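Quick note: numbers below take in every heavy atom, side chains included, and nothing from hydrogens, waters or symmetry partners. Below, chain A is the first sequence line, B the second, and so on; all start at residue 1.
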Amino acid sequence: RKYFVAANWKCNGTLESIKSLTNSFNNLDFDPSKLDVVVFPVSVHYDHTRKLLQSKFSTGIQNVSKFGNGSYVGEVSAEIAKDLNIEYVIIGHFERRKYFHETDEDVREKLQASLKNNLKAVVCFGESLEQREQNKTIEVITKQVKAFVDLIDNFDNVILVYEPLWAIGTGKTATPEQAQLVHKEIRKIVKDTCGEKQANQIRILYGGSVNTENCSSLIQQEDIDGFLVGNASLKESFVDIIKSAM
Amino acid sequence: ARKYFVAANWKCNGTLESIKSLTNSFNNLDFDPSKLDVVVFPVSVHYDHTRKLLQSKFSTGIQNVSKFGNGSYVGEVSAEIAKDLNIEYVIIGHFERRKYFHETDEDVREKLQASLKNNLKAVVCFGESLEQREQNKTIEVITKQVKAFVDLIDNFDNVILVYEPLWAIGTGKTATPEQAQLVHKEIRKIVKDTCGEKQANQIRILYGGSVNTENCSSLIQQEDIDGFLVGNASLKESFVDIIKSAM
Ligand SMILES: [Ca+2]
Ligand code: NA
Ligand code: NA
């Protein structure tokens, strides 16, 4: 299996800052047959960003509709994405769950729509501080993974992300050991549900706070296969995070 | 007189090929954009493709905007980002967002505030249900919806209202132009009562119920109907006939 490092730009960017960033990213010589690197711009920046990135980079969108084509103002169907050859989607990011009411039922339906339309999916989950303090880390992640995991067909084409919500905006910091222990448990869930071969094929990314300070200690953990990176991916120095995985 | 305003709301429809074909048909209509506003609202990921293919006489916008600014809001498009892209218009409050995506009056207010702060023009939708109409509560519903945001309007050319007769959308019922006009007049009165007569007389109020080539003339001729936010009919080449009704 390949390392997978993803830039989640969230709701950030200008036309000119993207020109500069993409140029910086293009200057990194890496081997895309070894390493998957994926950039997730804002929807209205996707075309702009794709045209600026060399083919060694994959691209995707940050969210996708559970509905197909039709009378759904504001939504981008998986069918539309397919017609544009958008390669990846993010599903279940904690911000969609938090601010926009996204449920486990929505995650499932979105994954089903995406795979049906040959989109590859980066699917996010993870537990809160209150949950982790009640020793519910495994309970919660098990429940969240089992909402969708039976849909996975090609285990190269769904990528899991662990988001330690307990260490996001709480004042707590996840250690690499603590991230590793969770990732090993995620892998065990996949092994038990889908198989040994499948569990050894699937990528499980760390999607907590990732930056130039901590990327090395995380990426070298046995069951951490890369990152879904937030604000550090809006920087030229994101190339060093890519390097950590090379 | 108010400048008329004809908008294509493509909702979640389109392919690269369908958009080529449709935009080419639209471009075949000669009109003067200094006298008539004609706006297309493609899916976000189709905006660059559409904007490139449409001549400059057509304005363009997006079908939704975030209430948050730039930052850690996965999946959203901020008004700042739209401004940097020169996106001219946003749709806010479309009943499908209110129905399927839980958008509230507070969200509508906050989106409009963000949009105006970022020099976007806003097409803002509201309207009552079949039960509300049957219970003779149209005016009270619409009053509440408009007053959720109307005081934010900072320029009565740059915010455009849309009356969506939800009682005549997916219910089996068909609104008459007389019924639409009666509501439009009451909407304008709401604006007059809250913002002043001059401002009420400036604002475009569009009809956002079922519009097609056959009913458009009878609607747009009504005194307080200043144009349309068009659904399915805007996915057809014959949308140009709807534009011509406003010419
Ligand atoms: Ca290495
Ligand atoms: Na590793
Ligand atoms: Na009129």
Side-chain angles (χ1 to χ4, degrees), chain A residues 8-18 40-51 61-81 83-86 89-102 124 168-169 228 230-231 234, chain B residues 9-19 41-49 51 62-87 90-98 100-103 107 125 169-170 229 231-232 235:
Chain A
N8 186 354
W9 288 349
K10 310 191 179 176
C11 191
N12 297 278
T14 65
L15 293 178
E16 296 296 319
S17 71
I18 295 167
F40 294 92
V42 174
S43 59
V44 297
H45 291 158
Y46 181 94
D47 198 59
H48 185 244
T49 305
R50 177 64 282 176
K51 286 178 168 146
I61 55 173
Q62 291 175 20
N63 183 34
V64 67
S65 187
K66 67 187 153 171
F67 296 115
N69 290 335
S71 304
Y72 306 110
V73 169
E75 288 307 284
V76 180
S77 61
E79 291 78 358
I80 283 173
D83 176 75
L84 279 158
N85 201 35
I86 296 178
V89 293
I90 307 176
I91 308 175
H93 193 278
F94 85 88
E95 292 162 4
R96 300 305 303 176
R97 302 171 179 266
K98 182 180 173 81
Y99 301 121
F100 307 109
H101 302 96
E102 175 158 302
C124 304
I168 295 162
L228 183 57
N231 294 346
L234 300 164
Chain B
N9 183 1
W10 286 351
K11 306 189 178 181
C12 187
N13 300 281
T15 61
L16 295 166
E17 279 307 302
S18 82
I19 292 161
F41 290 97
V43 174
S44 59
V45 295
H46 289 152
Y47 184 91
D48 274 4
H49 186 237
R51 176 64 284 169
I62 58 174
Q63 287 175 22
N64 183 30
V65 67
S66 188
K67 65 185 190 208
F68 305 104
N70 279 190
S72 294
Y73 304 106
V74 170
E76 296 299 285
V77 177
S78 60
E80 297 98 290
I81 284 172
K83 183 193 183 181
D84 170 72
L85 259 159
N86 199 36
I87 296 182
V90 296
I91 308 182
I92 302 172
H94 190 281
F95 86 90
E96 290 162 13
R97 308 298 305 181
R98 295 176 181 261
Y100 291 138
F101 302 96
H102 318 296
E103 184 163 292
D107 299 337
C125 306
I169 299 166
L229 188 55
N232 185 64
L235 294 177

Original post:
Do you know which two heavy atoms are closest between B/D107 and B/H102, and how far apart they sit?
Top reply: OD2-O, 3.8 Å

Original post:
What residues form a ring pair (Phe, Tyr, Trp, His ring centres under 6.0 Å) with B/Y73, not counting sequence neighbours?
Top reply: A/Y99, B/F68

Subject >> 4.5 Å side-chain heavy-atom contact, A/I18 and A/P41 >> reply: no

Original post:
chain B contacts: which residues in residues 90-97 of chain A have a non-hydrogen atom closer than 4.5 Å to it?
Top reply: A/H93, A/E95, A/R96

Subject >> Interatomic distance, B/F41 atom CZ to B/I87 atom CD1 [nearest 0.5 angstrom] >> reply: 10.5 Å

**OP:** Drop me the distance from A/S77's OG to B/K11's NZ, to the nearest 0.5 angstrom.
**Re:** 14.5 Å

Subject >> Option in A/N63, A/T14, A/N8 with maximal non-hydrogen atom pairs under 4.5 Å from chain B >> reply: A/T14

**OP:** Sort out for me which of A/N69, A/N231, A/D47, A/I61 touches chain B most, counting heavy-atom pairs under 4.5 Å.
**Re:** A/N69

Original post:
Is the side chain of B/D84 donor-acceptor paired with the backbone N or O of A/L15 at a distance under 3.5 Å, no angle test?
Top reply: yes

Subject >> Top contributor to chain B interface from A/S43, A/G13, A/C11, A/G68 [non-hydrogen pairs under 4.5 Å] >> reply: A/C11

Original post:
Tell me, side chain or backbone of B/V45 under 4.5 Å from chain A's heavy atoms, or both, or neither?
Top reply: both

Subject >> Chi angles and distances behind the side chain to side chain contact (heavy atoms under 4.5 Å, CB included) call for A/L84, B/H46 >> reply: CA-CA 9 Å; A/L84 279 158; B/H46 289 152; 3.9 Å; yes

Original post:
What are the two closest heavy atoms between B/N86 and B/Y47, and how far apart are they?
Top reply: O-OH, 4.1 Å

Original post:
A/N12 versus chain B, heavy atoms under 4.5 Å apart: side chain, backbone, both or neither?
Top reply: both

